[PDB]
């Protein structure tokens, strides 16, 4: 395993998106993971439809559109549905709509997904390096998270009580302090150009390694 990894360098991460008034962070976290796999298997990088998950991966999957969801059930939907549209053909309107999936504009498919063991940052590291970007949940209820702008984020009062779905696109160390490179979905005005570096190997800080998962085409 390399001392550091940044899947952006490998051209496997689309542009940071802005979820707006719709709390579909789970939707963005899920598509982000698939996008990296689509690129890794077709040399083509395309933003996948988050709206597609918000309108179609609903009750049967335990998801509530703009009111919250699960990355794993989002993957199962893509498998059951055998496809998901691209952002271009099924744009993000930031609100729940009637499912408008159209296989004519399918951009990717999913074969299965894997959930990693709870709290194991060493397994997450091995996955991020060898498999690609991993979808994880983090405790982002503290203001210190919102006010973030630079450096390795460390919040003493963080817990493993996750509530926000995001994407781990790499890891490394900045001045001795280890970190996870996390892509957020609050626009480019958050942290450093939409990303945030979170403390690594600090006892599953903010529960970043609590519920990791990634898709496989």
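Positions refer to the first chain, counted from 1.
Q. What stretch has the higher average Cα B-factor here, 21-29 or 193-201?
A. The entry gives the higher C-alpha B-factor average to 193-201.
Select between 99-107 and 85-93 the stretch whose C-alpha atoms have the higher average B-factor in the entry. According to the entry, 99-107 carries the higher average C-alpha B-factor.
* Residue with maximal Cα B-factor (values as given in the PDB entry) among 40, 66, 168, 158 -> Most elevated C-alpha B-factor of the set, per the entry: 40.
* In terms of the chain's CA B-factor thirds, is residue 187 lowest, middle or highest? -> CA B-factor rank for residue 187: middle third.
CA B-factor ranking of residue 35, expressed as a third of its chain
Middle third of the chain for residue 35's C-alpha B-factor.
Position of residue 146 among the chain's modelled residues by C-alpha B-factor, lowest, middle or highest third
CA B-factor rank for residue 146: highest third.
* Would you check the entry's CA temperature factor for residue 58 and let me know if it's in the chain's lowest, middle or highest third? => Lowest third of the chain for residue 58's C-alpha B-factor.
>> Where does the C-alpha B-factor of residue 47 rank in its chain, lowest, middle or highest third?
In response: It belongs to the middle third of the chain when residues are ordered by C-alpha B-factor.
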